[PDB]
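With mmCIF, C-alpha atoms inside, this is query-v7.cif:
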data_entry
#
loop_
_atom_site.group_PDB
_atom_site.id
_atom_site.type_symbol
_atom_site.label_atom_id
_atom_site.label_comp_id
_atom_site.auth_asym_id
_atom_site.auth_seq_id
_atom_site.Cartn_x
_atom_site.Cartn_y
_atom_site.Cartn_z
ATOM 1 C CA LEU A 12 4.993 -11.960 12.952
ATOM 2 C CA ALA A 13 4.704 -12.348 9.161
ATOM 3 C CA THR A 14 2.597 -15.048 7.452
ATOM 4 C CA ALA A 15 3.385 -14.235 3.810
ATOM 5 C CA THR A 16 5.546 -12.066 1.602
ATOM 6 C CA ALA A 17 4.665 -9.688 -1.207
ATOM 7 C CA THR A 18 7.012 -8.143 -3.755
ATOM 8 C CA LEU A 19 5.887 -5.042 -5.582
ATOM 9 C CA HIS A 20 7.861 -5.176 -8.820
ATOM 10 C CA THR A 21 7.958 -1.484 -9.770
ATOM 11 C CA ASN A 22 9.702 0.339 -12.621
ATOM 12 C CA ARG A 23 11.878 1.946 -9.878
ATOM 13 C CA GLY A 24 12.690 -1.340 -8.095
ATOM 14 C CA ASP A 25 11.333 -4.237 -6.046
ATOM 15 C CA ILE A 26 9.733 -3.769 -2.624
ATOM 16 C CA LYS A 27 9.590 -7.003 -0.578
ATOM 17 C CA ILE A 28 7.014 -6.611 2.199
ATOM 18 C CA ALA A 29 6.200 -8.964 5.057
ATOM 19 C CA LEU A 30 2.416 -9.347 5.488
ATOM 20 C CA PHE A 31 0.816 -9.629 8.935
ATOM 21 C CA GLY A 32 -1.883 -12.216 8.194
ATOM 22 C CA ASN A 33 -2.499 -13.079 11.869
ATOM 23 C CA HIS A 34 -2.919 -9.456 12.972
ATOM 24 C CA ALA A 35 -4.976 -8.145 10.027
ATOM 25 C CA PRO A 36 -6.392 -11.296 8.363
ATOM 26 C CA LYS A 37 -9.109 -9.615 6.272
ATOM 27 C CA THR A 38 -6.865 -6.743 5.079
ATOM 28 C CA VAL A 39 -4.021 -9.095 4.061
ATOM 29 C CA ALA A 40 -6.498 -11.492 2.488
ATOM 30 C CA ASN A 41 -7.944 -8.476 0.558
ATOM 31 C CA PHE A 42 -4.499 -7.269 -0.628
ATOM 32 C CA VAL A 43 -3.388 -10.804 -1.651
ATOM 33 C CA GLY A 44 -6.724 -11.476 -3.329
ATOM 34 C CA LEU A 45 -6.526 -8.306 -5.445
ATOM 35 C CA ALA A 46 -2.825 -8.807 -6.207
ATOM 36 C CA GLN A 47 -3.446 -12.300 -7.627
ATOM 37 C CA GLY A 48 -6.801 -11.728 -9.334
ATOM 38 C CA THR A 49 -8.542 -14.050 -6.888
ATOM 39 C CA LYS A 50 -10.805 -11.465 -5.294
ATOM 40 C CA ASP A 51 -14.101 -10.587 -6.846
ATOM 41 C CA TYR A 52 -13.842 -6.825 -7.541
ATOM 42 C CA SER A 53 -16.551 -4.963 -9.446
ATOM 43 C CA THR A 54 -14.662 -1.984 -10.976
ATOM 44 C CA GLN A 55 -11.870 -2.173 -13.486
ATOM 45 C CA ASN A 56 -8.341 -3.139 -12.645
ATOM 46 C CA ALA A 57 -5.421 -0.775 -13.255
ATOM 47 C CA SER A 58 -5.121 -2.187 -16.788
ATOM 48 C CA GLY A 59 -8.716 -1.206 -17.664
ATOM 49 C CA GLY A 60 -10.070 -4.742 -17.775
ATOM 50 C CA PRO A 61 -12.648 -6.811 -15.891
ATOM 51 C CA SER A 62 -10.418 -9.495 -14.331
ATOM 52 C CA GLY A 63 -6.954 -10.789 -13.448
ATOM 53 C CA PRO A 64 -4.341 -9.188 -11.162
ATOM 54 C CA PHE A 65 -5.856 -5.914 -9.923
ATOM 55 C CA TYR A 66 -2.741 -3.834 -9.204
ATOM 56 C CA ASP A 67 -0.672 -4.464 -12.400
ATOM 57 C CA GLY A 68 -0.164 -1.107 -14.062
ATOM 58 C CA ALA A 69 -1.156 0.772 -10.907
ATOM 59 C CA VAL A 70 0.774 3.912 -9.974
ATOM 60 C CA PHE A 71 1.874 5.540 -6.723
ATOM 61 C CA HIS A 72 -0.130 8.771 -7.296
ATOM 62 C CA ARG A 73 0.658 10.477 -3.994
ATOM 63 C CA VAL A 74 4.240 10.857 -2.832
ATOM 64 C CA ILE A 75 5.145 13.249 -0.012
ATOM 65 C CA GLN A 76 8.801 13.388 1.038
ATOM 66 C CA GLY A 77 9.528 12.228 4.597
ATOM 67 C CA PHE A 78 5.873 11.083 5.059
ATOM 68 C CA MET A 79 4.743 8.235 2.737
ATOM 69 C CA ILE A 80 4.084 6.831 -0.771
ATOM 70 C CA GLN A 81 0.472 5.940 -1.628
ATOM 71 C CA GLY A 82 -0.947 3.893 -4.536
ATOM 72 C CA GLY A 83 -3.262 1.022 -5.468
ATOM 73 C CA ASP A 84 -6.017 3.079 -7.085
ATOM 74 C CA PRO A 85 -6.950 1.424 -10.400
ATOM 75 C CA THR A 86 -7.733 4.908 -11.910
ATOM 76 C CA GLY A 87 -4.592 6.452 -10.453
ATOM 77 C CA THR A 88 -6.610 9.496 -9.250
ATOM 78 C CA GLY A 89 -6.972 8.898 -5.515
ATOM 79 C CA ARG A 90 -10.778 8.581 -5.641
ATOM 80 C CA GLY A 91 -10.958 4.967 -6.803
ATOM 81 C CA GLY A 92 -11.119 1.480 -5.416
ATOM 82 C CA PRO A 93 -12.219 -2.100 -6.166
ATOM 83 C CA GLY A 94 -15.947 -1.297 -5.841
ATOM 84 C CA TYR A 95 -16.435 -2.070 -2.121
ATOM 85 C CA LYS A 96 -15.630 -0.781 1.362
ATOM 86 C CA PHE A 97 -14.472 -2.920 4.265
ATOM 87 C CA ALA A 98 -13.717 -2.665 7.987
ATOM 88 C CA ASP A 99 -10.502 -1.433 9.585
ATOM 89 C CA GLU A 100 -8.363 -3.864 11.685
ATOM 90 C CA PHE A 101 -6.392 -2.169 14.472
ATOM 91 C CA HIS A 102 -4.254 -4.407 16.637
ATOM 92 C CA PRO A 103 -2.585 -3.193 19.851
ATOM 93 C CA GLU A 104 0.793 -4.706 18.725
ATOM 94 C CA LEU A 105 0.765 -2.587 15.515
ATOM 95 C CA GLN A 106 1.428 1.131 15.552
ATOM 96 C CA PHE A 107 3.291 3.687 13.451
ATOM 97 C CA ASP A 108 6.507 3.785 15.540
ATOM 98 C CA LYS A 109 8.861 2.817 12.716
ATOM 99 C CA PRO A 110 9.280 3.739 9.018
ATOM 100 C CA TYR A 111 8.477 1.327 6.161
ATOM 101 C CA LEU A 112 5.012 0.214 7.221
ATOM 102 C CA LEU A 113 2.377 -0.943 4.719
ATOM 103 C CA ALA A 114 -1.047 0.396 5.640
ATOM 104 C CA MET A 115 -4.466 1.086 4.035
ATOM 105 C CA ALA A 116 -5.367 4.534 2.781
ATOM 106 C CA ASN A 117 -8.939 5.544 3.519
ATOM 107 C CA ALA A 118 -11.554 8.308 3.731
ATOM 108 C CA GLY A 119 -12.313 7.688 7.403
ATOM 109 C CA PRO A 120 -13.595 4.659 9.350
ATOM 110 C CA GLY A 121 -14.800 1.616 7.384
ATOM 111 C CA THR A 122 -13.663 2.893 3.950
ATOM 112 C CA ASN A 123 -10.797 0.593 3.020
ATOM 113 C CA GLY A 124 -10.770 -0.524 -0.616
ATOM 114 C CA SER A 125 -7.532 -1.054 -2.559
ATOM 115 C CA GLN A 126 -5.361 2.021 -1.943
ATOM 116 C CA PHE A 127 -2.425 1.487 0.412
ATOM 117 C CA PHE A 128 0.643 3.397 1.496
ATOM 118 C CA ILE A 129 4.167 2.808 2.788
ATOM 119 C CA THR A 130 5.521 5.148 5.431
ATOM 120 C CA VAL A 131 8.955 6.630 5.146
ATOM 121 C CA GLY A 132 9.038 7.877 8.753
ATOM 122 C CA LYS A 133 7.334 7.613 12.161
ATOM 123 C CA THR A 134 3.698 8.757 11.819
ATOM 124 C CA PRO A 135 1.969 8.309 15.227
ATOM 125 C CA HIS A 136 -0.933 10.666 14.279
ATOM 126 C CA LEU A 137 -2.122 7.823 11.951
ATOM 127 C CA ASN A 138 -2.433 5.372 14.880
ATOM 128 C CA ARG A 139 -5.917 3.871 14.967
ATOM 129 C CA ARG A 140 -6.928 5.611 11.757
ATOM 130 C CA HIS A 141 -5.212 3.276 9.268
ATOM 131 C CA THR A 142 -4.880 -0.500 9.259
ATOM 132 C CA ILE A 143 -1.272 -1.614 9.402
ATOM 133 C CA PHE A 144 -0.912 -4.912 7.608
ATOM 134 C CA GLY A 145 2.732 -5.176 6.630
ATOM 135 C CA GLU A 146 6.326 -4.006 6.850
ATOM 136 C CA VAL A 147 9.162 -3.868 4.364
ATOM 137 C CA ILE A 148 11.725 -6.606 5.212
ATOM 138 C CA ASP A 149 15.140 -6.043 3.618
ATOM 139 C CA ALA A 150 17.303 -2.920 3.516
ATOM 140 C CA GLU A 151 17.387 -2.754 -0.273
ATOM 141 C CA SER A 152 13.591 -2.554 -0.588
ATOM 142 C CA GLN A 153 13.654 0.241 2.056
ATOM 143 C CA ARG A 154 15.972 2.124 -0.269
ATOM 144 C CA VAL A 155 13.650 1.822 -3.272
ATOM 145 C CA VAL A 156 10.780 3.100 -1.113
ATOM 146 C CA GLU A 157 13.060 5.924 0.032
ATOM 147 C CA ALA A 158 14.071 6.856 -3.524
ATOM 148 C CA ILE A 159 10.419 6.776 -4.645
ATOM 149 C CA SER A 160 9.521 9.132 -1.796
ATOM 150 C CA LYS A 161 12.184 11.638 -2.941
ATOM 151 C CA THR A 162 11.048 11.750 -6.582
ATOM 152 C CA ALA A 163 9.961 15.037 -8.133
ATOM 153 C CA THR A 164 6.253 15.783 -7.875
ATOM 154 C CA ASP A 165 3.738 18.355 -9.120
ATOM 155 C CA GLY A 166 1.705 20.622 -6.806
ATOM 156 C CA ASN A 167 -0.781 17.800 -6.000
ATOM 157 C CA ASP A 168 1.991 15.446 -4.796
ATOM 158 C CA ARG A 169 1.647 13.280 -7.921
ATOM 159 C CA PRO A 170 5.074 12.182 -9.299
ATOM 160 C CA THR A 171 5.971 13.783 -12.663
ATOM 161 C CA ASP A 172 7.668 10.551 -13.675
ATOM 162 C CA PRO A 173 5.090 7.751 -13.105
ATOM 163 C CA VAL A 174 6.040 5.133 -10.498
ATOM 164 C CA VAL A 175 4.284 2.027 -11.832
ATOM 165 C CA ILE A 176 3.578 -1.239 -10.045
ATOM 166 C CA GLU A 177 4.256 -3.623 -12.937
ATOM 167 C CA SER A 178 3.163 -6.661 -10.993
ATOM 168 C CA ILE A 179 3.020 -8.322 -7.564
ATOM 169 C CA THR A 180 4.464 -11.695 -6.515
ATOM 170 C CA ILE A 181 2.993 -13.400 -3.428
ATOM 171 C CA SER A 182 4.944 -16.045 -1.506
#
Would you put the structure from the file into C-alpha cells?
Amino acid sequence: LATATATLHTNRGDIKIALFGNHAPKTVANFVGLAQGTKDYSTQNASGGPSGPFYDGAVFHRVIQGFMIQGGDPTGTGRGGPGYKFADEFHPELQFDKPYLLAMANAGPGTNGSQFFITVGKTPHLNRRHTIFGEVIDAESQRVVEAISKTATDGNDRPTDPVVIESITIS
C-alpha cells in the first residue's frame, strides 16, 4: 500500500510511519511538503520562523490514553495550522479498524491543515470524518506511540512533560 516512509524523531523515540500516497495523494503530499519545508505555508513554523521544515519543534499537545496522540500545530495550542484549509480524502479501503493509524485532525469537513494524530486503538466513530493517510510500520515505533499515549497529562489532555517532534525524515 505504502509509497513513502516518514520517521518522526521525537524526544521520546522514533515513529516510522508508512504513508499511503496512492490513497490520499494530496494529504500525503501536504504532510511531506510541510515536513521538508517544500510547501508554501503562510503562518510560522513550530520554531517561530518563516521557512524551512514546518514540524521541527512541534509538540503532541493532546494525548488521551487508549484513544490517540495529536500534534502538528505550530503554536502547540490546538487552534493553529499552516495558514490554509484543504479537502478530506476518504478511501473505501481505509478505515479505523486497527490501532496505529496516522490521520488528520480537523474542525469538521474541509478543514485539514497541519495537525495530525496517531490512534492507539480501534476508533470506528472517526470513519469518514478524518483522512487516514498512514500507518506505523514496525513494532518498536508502535511502542513509542504507546508510551507517549500513557504519559501524564493535565486536565486539558496536554502532556506535563512536552513530547517534541525534533525533526522528520522522509524516505
Can you give me, as a list in words, the residues this file yields under the PyMOL selection byres ((chain A and resi 30) around 8)?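 Answer for the PyMOL selection byres ((chain A and resi 30) around 8): residues 13, 14, 15, 16, 17, 28, 29, 31, 32, 39, 144, 145 and 146 of chain A.
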Taking 2 positions as the minimum chain separation for residues in the same chain, which residues sit within 10 Å of stretch 66-71 of chain A when counting only C-alpha atoms? Answer as a VMD selection string. chain A and resid 19 to 22 42 45 to 48 56 to 59 63 to 64 73 to 74 80 to 89 125 to 128 159 to 160 169 to 170 173 to 179
Who sits within 12 Å of residue A:130, all atoms listed in the file, same chain under 4 positions skipped, as an MDAnalysis selection string: chainID A and resid 73:82 106:116 134:135 137 141 143 145:147 153 156:157 159:160
So what do you get for atom CA of residue A:60 versus atom CA of residue A:95, distance-wise?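 For atom CA of residue A:60 relative to atom CA of residue A:95, the distance reads 17.1 Å.
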Computed interatomic separation between atom CA of residue A:27 and atom CA of residue A:43 (Å):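 Distance reported for this atom pair: 13.6 Å.
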Suppose you want the space between atom CA of residue A:103 and atom CA of residue A:34; what is it in Å?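 Computing the Euclidean distance for atom CA of residue A:103 and atom CA of residue A:34 yields 9.3 Å.
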I'd like to know which of A:33, A:171, A:142, A:182 is closest to residue A:121, using only C-alpha atoms.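 Residue with the minimum atom-to-atom distance to residue A:121: A:142.
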Given the file shown, determine the residues that the PyMOL selection byres ((chain A and resi 94) around 10) selects; report them as JSON, numbers by chain. {"A": [51, 52, 53, 54, 55, 91, 92, 93, 95, 96, 124, 125]}
Exercise: residue A:25 partners within 8 Å, only C-alpha atoms, chain neighbours under 6 positions left out, as a PyMOL selection string: chain A and resi 18-19+152+155
Could you work out an axis-aligned bounding box for all listed atoms of stretch 154-165 of chain A, with 8 Å added on each of the six sides, and give its centre and edge lengths in Å to one decimal, as JSON?
{"center_x": 9.9, "center_y": 10.1, "center_z": -4.5, "size_x": 28.2, "size_y": 32.5, "size_z": 25.2}
Please, can stretch 29-48 of chain A be completed to N, CA, C and O atoms and returned as a PDB file, keeping the file's coordinate frame?
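The resulting file, out-v4.pdb, is reproduced below:
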ATOM      1  N   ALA A  29       6.752  -7.895   4.225  1.00  0.00           N
ATOM      2  CA  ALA A  29       6.200  -8.964   5.057  1.00  0.00           C
ATOM      3  C   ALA A  29       4.761  -8.593   5.413  1.00  0.00           C
ATOM      4  O   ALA A  29       4.507  -7.470   5.854  1.00  0.00           O
ATOM      5  N   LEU A  30       3.846  -9.545   5.232  1.00  0.00           N
ATOM      6  CA  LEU A  30       2.416  -9.347   5.488  1.00  0.00           C
ATOM      7  C   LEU A  30       1.984  -9.986   6.804  1.00  0.00           C
ATOM      8  O   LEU A  30       2.343 -11.118   7.098  1.00  0.00           O
ATOM      9  N   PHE A  31       1.213  -9.244   7.587  1.00  0.00           N
ATOM     10  CA  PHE A  31       0.816  -9.629   8.935  1.00  0.00           C
ATOM     11  C   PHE A  31      -0.569 -10.293   8.924  1.00  0.00           C
ATOM     12  O   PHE A  31      -1.546  -9.744   9.416  1.00  0.00           O
ATOM     13  N   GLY A  32      -0.632 -11.489   8.352  1.00  0.00           N
ATOM     14  CA  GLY A  32      -1.883 -12.216   8.194  1.00  0.00           C
ATOM     15  C   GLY A  32      -2.621 -12.575   9.478  1.00  0.00           C
ATOM     16  O   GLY A  32      -3.856 -12.708   9.453  1.00  0.00           O
ATOM     17  N   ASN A  33      -1.893 -12.732  10.586  1.00  0.00           N
ATOM     18  CA  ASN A  33      -2.499 -13.079  11.869  1.00  0.00           C
ATOM     19  C   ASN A  33      -2.986 -11.850  12.623  1.00  0.00           C
ATOM     20  O   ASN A  33      -3.835 -11.968  13.502  1.00  0.00           O
ATOM     21  N   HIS A  34      -2.452 -10.677  12.314  1.00  0.00           N
ATOM     22  CA  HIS A  34      -2.919  -9.456  12.972  1.00  0.00           C
ATOM     23  C   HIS A  34      -4.045  -8.745  12.215  1.00  0.00           C
ATOM     24  O   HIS A  34      -4.920  -8.158  12.829  1.00  0.00           O
ATOM     25  N   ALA A  35      -4.000  -8.795  10.889  1.00  0.00           N
ATOM     26  CA  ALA A  35      -4.976  -8.145  10.027  1.00  0.00           C
ATOM     27  C   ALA A  35      -5.371  -9.121   8.914  1.00  0.00           C
ATOM     28  O   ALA A  35      -5.035  -8.914   7.747  1.00  0.00           O
ATOM     29  N   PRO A  36      -6.084 -10.187   9.287  1.00  0.00           N
ATOM     30  CA  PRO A  36      -6.392 -11.296   8.363  1.00  0.00           C
ATOM     31  C   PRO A  36      -7.240 -10.898   7.165  1.00  0.00           C
ATOM     32  O   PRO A  36      -6.987 -11.390   6.091  1.00  0.00           O
ATOM     33  N   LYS A  37      -8.236 -10.049   7.365  1.00  0.00           N
ATOM     34  CA  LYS A  37      -9.109  -9.615   6.272  1.00  0.00           C
ATOM     35  C   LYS A  37      -8.408  -8.636   5.305  1.00  0.00           C
ATOM     36  O   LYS A  37      -8.552  -8.752   4.096  1.00  0.00           O
ATOM     37  N   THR A  38      -7.631  -7.707   5.858  1.00  0.00           N
ATOM     38  CA  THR A  38      -6.865  -6.743   5.079  1.00  0.00           C
ATOM     39  C   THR A  38      -5.791  -7.403   4.195  1.00  0.00           C
ATOM     40  O   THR A  38      -5.634  -7.035   3.028  1.00  0.00           O
ATOM     41  N   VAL A  39      -5.052  -8.345   4.768  1.00  0.00           N
ATOM     42  CA  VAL A  39      -4.021  -9.095   4.061  1.00  0.00           C
ATOM     43  C   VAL A  39      -4.665 -10.000   3.020  1.00  0.00           C
ATOM     44  O   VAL A  39      -4.159 -10.151   1.913  1.00  0.00           O
ATOM     45  N   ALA A  40      -5.770 -10.623   3.394  1.00  0.00           N
ATOM     46  CA  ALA A  40      -6.498 -11.492   2.488  1.00  0.00           C
ATOM     47  C   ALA A  40      -7.026 -10.653   1.331  1.00  0.00           C
ATOM     48  O   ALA A  40      -7.002 -11.124   0.201  1.00  0.00           O
ATOM     49  N   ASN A  41      -7.470  -9.407   1.606  1.00  0.00           N
ATOM     50  CA  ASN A  41      -7.944  -8.476   0.558  1.00  0.00           C
ATOM     51  C   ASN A  41      -6.807  -8.073  -0.380  1.00  0.00           C
ATOM     52  O   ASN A  41      -6.971  -8.165  -1.588  1.00  0.00           O
ATOM     53  N   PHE A  42      -5.664  -7.651   0.172  1.00  0.00           N
ATOM     54  CA  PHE A  42      -4.499  -7.269  -0.628  1.00  0.00           C
ATOM     55  C   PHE A  42      -3.997  -8.417  -1.505  1.00  0.00           C
ATOM     56  O   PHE A  42      -3.722  -8.219  -2.677  1.00  0.00           O
ATOM     57  N   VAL A  43      -3.871  -9.612  -0.930  1.00  0.00           N
ATOM     58  CA  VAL A  43      -3.388 -10.804  -1.651  1.00  0.00           C
ATOM     59  C   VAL A  43      -4.369 -11.234  -2.755  1.00  0.00           C
ATOM     60  O   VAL A  43      -3.965 -11.565  -3.881  1.00  0.00           O
ATOM     61  N   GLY A  44      -5.647 -11.239  -2.392  1.00  0.00           N
ATOM     62  CA  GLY A  44      -6.724 -11.476  -3.329  1.00  0.00           C
ATOM     63  C   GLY A  44      -6.676 -10.552  -4.539  1.00  0.00           C
ATOM     64  O   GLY A  44      -6.718 -11.028  -5.671  1.00  0.00           O
ATOM     65  N   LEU A  45      -6.569  -9.235  -4.321  1.00  0.00           N
ATOM     66  CA  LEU A  45      -6.526  -8.306  -5.445  1.00  0.00           C
ATOM     67  C   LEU A  45      -5.255  -8.515  -6.269  1.00  0.00           C
ATOM     68  O   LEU A  45      -5.305  -8.544  -7.505  1.00  0.00           O
ATOM     69  N   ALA A  46      -4.133  -8.677  -5.579  1.00  0.00           N
ATOM     70  CA  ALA A  46      -2.825  -8.807  -6.207  1.00  0.00           C
ATOM     71  C   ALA A  46      -2.805  -9.949  -7.211  1.00  0.00           C
ATOM     72  O   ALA A  46      -2.267  -9.818  -8.292  1.00  0.00           O
ATOM     73  N   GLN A  47      -3.432 -11.061  -6.834  1.00  0.00           N
ATOM     74  CA  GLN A  47      -3.446 -12.300  -7.627  1.00  0.00           C
ATOM     75  C   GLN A  47      -4.616 -12.437  -8.592  1.00  0.00           C
ATOM     76  O   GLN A  47      -4.565 -13.259  -9.464  1.00  0.00           O
ATOM     77  N   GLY A  48      -5.658 -11.642  -8.447  1.00  0.00           N
ATOM     78  CA  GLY A  48      -6.801 -11.728  -9.334  1.00  0.00           C
ATOM     79  C   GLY A  48      -7.841 -12.700  -8.833  1.00  0.00           C
ATOM     80  O   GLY A  48      -8.755 -13.043  -9.540  1.00  0.00           O
TER      81      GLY A  48
END
